[PDB]
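Only one chain is given next, in structure tokens, and it is the form deposited in one PDB entry.
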């Protein structure tokens, strides 16, 4: 029944965070031939359909149509369903993308037909992106020997914030104490995250288009000193954080092609490219499009920690020898996305989001130690929030996209054995659609956003729990509601509050008030001691501000 689309394709609070391959969609593709019994699309029609598919459908169904969160839509299957079924199903409407920039999930009649016909044709695989292509894109603007040998600006680099100005393809370096926008740097395409080298000198950004920029914070006027392209679609980057390996390497992960690349930490020279195509951990079936999700760096061994989504594998990649490459491929759970290290920096706790699980890896021993259901729908921790719960001991927290719950997992196998790797508590925050939870060692507060909630009141606010007041009686902890968007004084369009990030001292917490590109946005700085508004950052240049990364907290993995 084609009417099943109403439920399958319904927009929910937890199905909007699937990849939109809008960079890859720009590539012009030639129309394939049509086998007997199938009508062909012209080159123009096929290219129009392909762009739509990559922008709106490929996230869930795959660019190769072999399935991701949504099932496979290969020609064998679609031809059995037939044109009529496809046309009907697609007419209902697809799940919306992210707010402000994402798709609405609605198509015209002409487009519906293009899509149905497109699904009946044999898709070609998008171009690969290997060493030759990377080296062609590789530019070293300032060779290492020509860079400063000491900080040449008067900035307090450790208290600096690197803020994504999403739609503009820029980042803003903002002073953590004065709130001054020190510089607005251009990278071209939208930046997804900022990461810092272990010394705090080098700022790495990765564009959604696979473009990596490395910026030297020691220059009188910090700018990009090197750049490289590592794929067509990418969302993750990290730096080497094992003691003794400071500034040695950076690693980038791609959605397409399915691969990760280890680069020289000073020049960005591409050193080792690894494909992530392989077998799913459980059913052990070949998957041709296993996207790289979060990438973290071990503090216990000279390794990178790479999440491979569709196959449910966590890779521990040893960068001490790139020719005789040692890896540990850990069978985990499918749909790995984001995660973080516990307070001790030994255990990697990551969300296998579509399956509602937290997977725990011991980075010292290189083995899986636990897989636990959070009891919530679609956990999305970011890097999560570590704190010492007054009665449970060390815990790590996550909120959820699919419900209002916050779950705590014990992270102290030696010191609180019974509590270790068990969900110790689950309680409600503002509402569903949460993306980020945050705390800091110098704070007694736990902040939870609700970015994707359908209610403006909730999406524009943040829940704050008092950790010192938590008891363990099983009751639900009370929270204070901070009216972040209201504080910023922007009601136009629909601002969505997203992601808490602390200053170096942990005395102030920043939130992004994310509005559309032609609308007014802001950053809101909250005084952590009083839970009152401290400062509002507004500027005509502050377009679609999303991710914010404090240099010190990012370089040290303090969360």
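Throughout, rigid core stands for the largest set of C-alpha atoms superposing within 1.5 Å between the two forms. Residues that one form lacks are left out of the comparison. Positions refer to the first chain, counted from 1.
Just so it is clear, the following notes concern the form deposited in another entry, a form of the same protein that is not shown.
A 2 Å or larger CA shift between this form and the one not shown, after fitting on the rigid core, occurs at just one of 118, 465, 256, 348, namely 118.
After superposing the rigid core, the C-alpha of residue 74 moves by 2 Å or more between this form and the one not shown. The two forms, fitted on the rigid core, differ between this form and the one not shown by less than 2 Å at the CA of residue 530. Comparing the forms between this form and the one not shown on their rigid core, the Cα displacement of residue 279 stays under 2 Å.
In contrast to the form presented, in the other form the C-alpha positions of residue 194 and residue 57 draw closer by 3 Å or more. The gap between the Cα atoms of residue 103 and residue 492 is larger in the other form, by no less than 3 Å, than in this form. Taking only residues common to both forms and fitting on the rigid core, the CA shifts of 2 Å or more between this form and the one not shown cluster into a single run of 3 or more residues at 34-125.
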